Amino acid sequence: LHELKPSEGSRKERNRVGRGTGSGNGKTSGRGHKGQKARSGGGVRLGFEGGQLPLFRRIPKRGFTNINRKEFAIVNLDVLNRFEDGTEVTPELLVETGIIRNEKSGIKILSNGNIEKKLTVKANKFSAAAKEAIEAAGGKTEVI
Amino acid sequence: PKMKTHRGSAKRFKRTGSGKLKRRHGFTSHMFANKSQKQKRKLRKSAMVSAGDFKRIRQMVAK
Amino acid sequence: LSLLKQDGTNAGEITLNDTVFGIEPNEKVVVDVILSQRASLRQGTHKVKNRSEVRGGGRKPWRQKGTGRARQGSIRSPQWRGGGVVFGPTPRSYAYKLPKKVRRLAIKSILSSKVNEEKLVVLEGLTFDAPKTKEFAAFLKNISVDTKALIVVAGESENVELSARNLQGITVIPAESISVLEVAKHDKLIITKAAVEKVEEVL
Amino acid sequence: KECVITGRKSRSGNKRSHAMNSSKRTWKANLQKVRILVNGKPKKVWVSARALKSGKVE
RNA sequence: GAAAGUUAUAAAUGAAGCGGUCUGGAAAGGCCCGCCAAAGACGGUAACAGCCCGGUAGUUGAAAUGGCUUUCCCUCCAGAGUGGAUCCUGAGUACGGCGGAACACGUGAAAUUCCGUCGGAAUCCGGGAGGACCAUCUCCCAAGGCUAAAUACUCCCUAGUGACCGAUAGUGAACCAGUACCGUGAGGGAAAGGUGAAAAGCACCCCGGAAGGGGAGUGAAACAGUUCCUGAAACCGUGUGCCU
RNA sequence: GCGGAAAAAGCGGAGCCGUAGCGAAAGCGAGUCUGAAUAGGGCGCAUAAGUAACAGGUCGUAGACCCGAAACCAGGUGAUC
RNA sequence: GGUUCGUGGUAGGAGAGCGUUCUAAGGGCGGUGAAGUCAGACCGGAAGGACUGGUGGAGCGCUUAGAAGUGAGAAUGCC
Ligand SMILES: [Mg+2]
Ligand SMILES: [Mg+2]
Ligand SMILES: [Mg+2]
Ligand SMILES: [Mg+2]
Ligand SMILES: [Mg+2]
Ligand SMILES: [Mg+2]
Ligand SMILES: [Mg+2]
Ligand SMILES: [Mg+2]
Ligand SMILES: [Mg+2]
Ligand SMILES: [Mg+2]
Ligand SMILES: [Mg+2]
Ligand SMILES: [Mg+2]
Ligand SMILES: [Mg+2]
Ligand SMILES: [Mg+2]
Ligand SMILES: [Mg+2]
Ligand SMILES: [Mg+2]
Ligand SMILES: [Mg+2]
Ligand SMILES: [Mg+2]
Ligand SMILES: [Mg+2]
Ligand SMILES: [Mg+2]
Ligand SMILES: [Mg+2]
Ligand SMILES: [Mg+2]
Ligand SMILES: [Mg+2]
Ligand SMILES: [Mg+2]
Ligand SMILES: [Mg+2]
Ligand SMILES: [Mg+2]
Ligand SMILES: [Mg+2]
Ligand SMILES: [Mg+2]
Ligand SMILES: [Mg+2]
Ligand SMILES: [Mg+2]
Ligand SMILES: [Mg+2]
Ligand SMILES: [Mg+2]
Ligand SMILES: [Mg+2]
Ligand SMILES: [Mg+2]
Ligand SMILES: [Mg+2]
Ligand SMILES: [Mg+2]
């Protein structure tokens, strides 16, 4: 406790402005001379352009949010190699293994990478490619 | 307190995979008799937010 | 390492688990956790009165122009003798925790560091028929402790806390409460075999 | 100044211009001075037109 | 209404060094020896004390009053099933128009809730809601009331804590302060802590009307002398080495 | 949040960020949108790294580096001038 | 460890540091005189640090780390 040396570079000394001209941050304390940005609490609001119409107001609003939107949890094939040949792969199995933690709307299988094990996968949805790649190996896809 | 998203910007920009902002073109409501068909085809597509503008507005739409 | 009895005689030898008392110490992690634990002890009960909170003020002391004096807005403006403080302490918490795995690495590392320095002594058991500090001081002379020492027991051991309550360097804790800062604050670490099992059960 | 039956009385809210300027105003009850028997004894009290509607006796 | 238990409101008891030497005005300090410790908290004591004092841990304690907890007394008490012939199930209400407001929701496509005004149902085959609205389905039964806990705050009390302040700070206020003072009044609102361990607070003599001083004396110190720890700078003087 | 000493752990996986993007959206998915298109092009992928905590820098909301108006509004006090 | 090219500087960016109060740990000083204060012809590249002597009469350094009411010559600043 009398020779604590914190990790080198992990801590730096904060910069104190307005403590003399030797520091280089004396007097104007980094703000330069006068104008709105030299004042206490001074500074125009974020995207303000000094009266030029702000970018966001030059360009139109687009689209809407679907109330009934369905986002699925994605499981690319390469992660199904984690399972042992012959095994059927359900949602609840993908939870226990910790490949998906939250199952939004449901589980979709996509075809990224490549599969090796003859699984009997069942998920809520399938990429045409994923379905053509599970079978290609020698497995049955059923939708739930 | 949490930063507030600028809601006007949220209705107009979209964030891309790489983290850039996608936007739409302005001159895309009426006064179409003025513009040429070429002009219309171009305006109809999306654009990216410019480097300078991104620097200005990125905190407004963080989240 | 070697297992000795309360009296001080050799009882045998115990094999400490080599994932708890055998890992390469991460000094950087230990320092981080020690700082966090010292920062979490802080009460942070400190306040000053800014110009709004100081009694009175309110009126302009004299008119803006014509008096030949500096313009002033309140007798409690911060450049005035009894005026508000400009920033200064506000009550806040200093507490923060590192992630669980770091806080575990830290306790494992500081333990391994006690073994690397022959600072950990392991007792078969540590019991007193009644609270008696004389008996406890006699015990420490048998072990040849002499310095500050943390004593870690776990049930079975009774009257130990009371026996050692009135010794200045010596601190006694159940095996559940073994913290980095408490081990750091103590040269020697005296732990019963019963305790060792409890500490290995957690780490 | 309130309906003795229902408790109706002045409440405040906004007047609004076509331009949506707001200024405070009240809504008064439609109170009428009438002779009714409060505790058997008939005396003149404020009653709301709404309270007099159908039921109640003067 | 009783009783017993417990807590609070006073207290009691409570281990171990006059240890030997050094310095010192004084020892709690140094050096060298011991001892107690469920007590090495804190404070005081002529400098820094676990063993000098008040105490502390531990162990006891209440005539009286109040709080709480049990137990007794006392007071109070009907519950199942089976049938839907018939009856009842909150009316100027619910809803609606108009004008407002609350709803995150600015009248909007505006549900839901409330206010004023006017109009105004059905009422078990009945009624409401699911964000205009209709139909279906689902869930619910308004227009009557009560309801502890988890939550908010602190003028207070008790015990404590602080990488909070230390007299221009910290409360405005460490001091007879919301005082003095200012203002017709509402109201505004200060400054100002330290002799010494102990008054041992300077007998007596001398100059002086006194103030003040010089001796004498007390004290470790009086250049600690009743606004009296330290006593910086500005500023004011006296003396004189060099220069003018 | 429980347990605890204003501890330390342990428990707590609800949630959050990341692991996939494209599209206003239905949706499709290493692609997708546009499009009659197996065309071109946009954004993506091929060319994997994040997350937790602390520390520095800057920004936002807060008085937000400090002092300073004239004014405005609300409740009072004043016709002893 | 040496060669080569450099080393004026306002706003400003970057870096390394000095000192102040407080905490922790370690190690110390101090009635044979602590802090403070006064003086000096000493030491360090700077911020600064010692040493000796007077005054003072009880507390204070150093090391590593941590935390900040952390440094004043100007505000017609306040007292
Ligand atoms: Mg710096
Ligand atoms: Mg800088
Ligand atoms: Mg500069
Ligand atoms: Mg300057
Ligand atoms: Mg300037
Ligand atoms: Mg200029
Ligand atoms: Mg500028
Ligand atoms: Mg213009
Ligand atoms: Mg639109
Ligand atoms: Mg159009
Ligand atoms: Mg004020
Ligand atoms: Mg002048
Ligand atoms: Mg103050
Ligand atoms: Mg005693
Ligand atoms: Mg002597
Ligand atoms: Mg003394
Ligand atoms: Mg003392
Ligand atoms: Mg309705
Ligand atoms: Mg309406
Ligand atoms: Mg509203
Ligand atoms: Mg409806
Ligand atoms: Mg109506
Ligand atoms: Mg609906
Ligand atoms: Mg809605
Ligand atoms: Mg009903
Ligand atoms: Mg004061
Ligand atoms: Mg002082
Ligand atoms: Mg004096
Ligand atoms: Mg006006
Ligand atoms: Mg009057
Ligand atoms: Mg008159
Ligand atoms: Mg040069
Ligand atoms: Mg230079
Ligand atoms: Mg000091
Ligand atoms: Mg300061
Ligand atoms: Mg000055």
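The sequence lines fix the lettering, A, B, ..., with proteins before strands; numbering per chain opens at 1.
Here G/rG71 is the nucleotide among G/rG71, G/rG66, F/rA20 with the atom lying nearest to any side-chain atom of A/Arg16. Side-chain atoms of C/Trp80 lie closest to G/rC78 of the nucleotides G/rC78, F/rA26, G/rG17. Listed nucleotides: F/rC28, E/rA191, E/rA101. Nearest to the side chain of A/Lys108: F/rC28. Distance from the side chain of A/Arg62 is smallest to F/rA24 among E/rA163, F/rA24, F/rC66. Of the listed nucleotides (G/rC78, E/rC164, F/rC11), G/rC78 has the atom at the smallest distance from the side chain of C/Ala70.
Between the side chains of A/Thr28 and A/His33, no donor N or O sits under 3.5 Å from an acceptor N or O. Using a 3.5 Å distance cut-off with no hydrogens or angles, the side chains of D/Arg8 and D/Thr6 do pair a donor with an acceptor.
For the pair C/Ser77 and G/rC78, the criterion of a side-chain N or O lying under 4.0 Å from OP1 or OP2 is not met. When the side-chain nitrogen and oxygen atoms of C/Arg165 are compared with OP1 and OP2 of E/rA38, none of them lie within a distance under 4.0 Å. Taking only side-chain nitrogens and oxygens, C/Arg69 comes nearer than 4.0 Å to OP1 or OP2 of G/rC78. Of the side-chain N and O atoms in A/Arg31, none sit less than 4.0 angstrom from OP1 or OP2 of G/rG12. Dashed line: the shortest gap from a side-chain N or O of C/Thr133 to OP1 or OP2 of E/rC36 is not under 4.0 Å. Checking the phosphate oxygens (OP1, OP2) of G/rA24, no side-chain nitrogen or oxygen of C/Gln37 falls inside 4.0 Å. Considering only side-chain N and O atoms, A/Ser10 lies nowhere under 4.0 angstrom from the phosphate OP1 or OP2 of F/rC54. Between G/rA25 and C/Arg38, no contact under 4.0 Å exists linking OP1 or OP2 to a side-chain N or O. C/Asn166 has no side-chain polar atom (N or O) that falls below the 4.0 Å cut-off from OP1 or OP2 of E/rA15. For the OP1/OP2 pair of E/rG119 and a distance below 4.0 Å, the side-chain nitrogens and oxygens of D/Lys53 include at least one atom meeting the criterion.
For the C1' atom pair drawn from E/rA26 and E/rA49, the interatomic distance equals 15 Å after rounding to whole Å. Comparing the P positions of G/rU70 and E/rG162 gives an interatomic distance of 24 Å, to the nearest angstrom. A distance of about 25 Å separates the P atoms of E/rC35 and E/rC42, rounded to the whole Å. One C1' atom belongs to G/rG71, the other to G/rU21, and the distance between them is 12 Å to the nearest Å. The gap from the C1' atom of E/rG14 to that of E/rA41 amounts to 15 Å, rounded to the nearest Å. For E/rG100 and E/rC125, the P atoms lie 44 Å apart once the distance is rounded to whole Å. Taking the P atoms as reference points, E/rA62 lies 14 Å from E/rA4, given to the whole Å.
Remark: E/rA186 does not pair with E/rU75, failing the Watson-Crick or G-U wobble criterion at under 3.5 Å for both atom pairs. Base-pair annotation: E/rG116 with E/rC98 meets the Watson-Crick or G-U wobble criterion (two N/O distances, each under 3.5 Å). Taking 3.5 Å as the upper bound for both contacts, E/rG217 does not pair with E/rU136 in Watson-Crick or G-U wobble fashion. Nucleotide E/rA129 is annotated as paired to E/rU138 [Watson-Crick or G-U wobble, both distances under 3.5 Å]. The bases E/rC36 and E/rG40 are paired, Watson-Crick or G-U wobble, with both atom distances under 3.5 Å. Entry note: E/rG130 and E/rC137 meet the pairing test, Watson-Crick or G-U wobble at under 3.5 angstrom for both distances. A Watson-Crick or G-U wobble pair links E/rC42 with E/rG54, each of its two atom distances being under 3.5 Å. With the cut-off at 3.5 Å for both distances, E/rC51 forms a Watson-Crick or G-U wobble pair with E/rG34.
If you check every strand for non-hydrogen atoms under 4.0 Å, A/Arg45 touches nothing. Among the protein residues, C/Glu182 comes within range of no part of the nucleic acid, since none of its heavy atoms lies under 4.0 Å from any strand. At the heavy-atom level, D/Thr26 lies nowhere under 4.0 Å from the strands shown. Among the protein residues, D/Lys28 comes within range of the sugar-phosphate backbone only, with heavy atoms under 4.0 Å from sugar or phosphate atoms but none that close to a base. Residue contacts shown for B/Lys4 are absent, as no nucleic acid heavy atom lies under 4.0 Å away.
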What are the atom names and distances for every N/O pair under 3.5 Å that joins the protein to nucleotides 171-177 of chain E?
from    : atom 1 : to      : atom 2 : distance (Å)
E/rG172 : OP1    : C/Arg55 : N      : 2.7

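Judged purely by atom type and a 3.5 angstrom limit, C/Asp187 has no side-chain atom pairing as donor or acceptor with the backbone of C/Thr147. Of the possible polar contacts, none joining the C/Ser77 side chain to the C/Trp80 backbone as a donor-acceptor pair under 3.5 Å is found. Of the possible polar contacts, none joining the B/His6 side chain to the B/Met60 backbone as a donor-acceptor pair under 3.5 Å is found.
Rounded to whole Å, the distance from CG on A/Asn102 to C1' on F/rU19 is 12 Å. Between the NZ atom of C/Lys134 and the P atom of E/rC36 there is a distance of 4 Å, given to the nearest Å. F/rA62 atom P lies 12 Å from atom CG of A/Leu46, rounded to whole Å. Rounded to whole Å, atom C1' of E/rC98 lies 15 Å from atom CG of D/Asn30. One can place CG of A/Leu1 at 12 Å from P of G/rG27, the figure rounded to the nearest angstrom. Taking atom CZ on B/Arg56 and atom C1' on F/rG60, their separation rounds to 17 Å, with Å as the unit. Residue A/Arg11 contributes atom CZ, which lies 6 Å from atom P of F/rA55 at whole-angstrom precision. The distance from atom CD of C/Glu158 to atom P of E/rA38 is 15 Å, rounded to the nearest whole Å.
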Report summary line: Per-residue pairing states of RNA chain F in dot-bracket (Watson-Crick or G-U under 3.5 Å; . unpaired, | other strand) read ((.......)).........((....))..((((.....))))......................................
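Judged by the sign of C1'-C2'-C3'-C4', E/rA177 carries a south-puckered sugar.
Scanning RNA chain G for stems, defined as runs of 3 or more consecutive Watson-Crick or G-U wobble pairs whose donor-acceptor distances all fall under 3.5 Å, gives the following ranges: G:20-26 with G:62-68, G:36-40 with G:51-55.
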**Report entry** A/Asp78 vs A/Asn114, side-chain hydrogen bond (donor to acceptor under 3.5 Å, both in side chains): CA-CA, chis, key distance, verdict
**Finding:** CA-CA 6 Å; A/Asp78 46 3; A/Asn114 44 2; over 6 Å; no
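Of the charged side-chain nitrogens involved, none lies within less than 4.0 Å of a carboxylate oxygen, so that C/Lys198 and C/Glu200 do not count as a salt-bridged pair. Under a 4.0 Å N-O distance rule, the pair A/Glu8/C/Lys28 does not qualify as a salt bridge.
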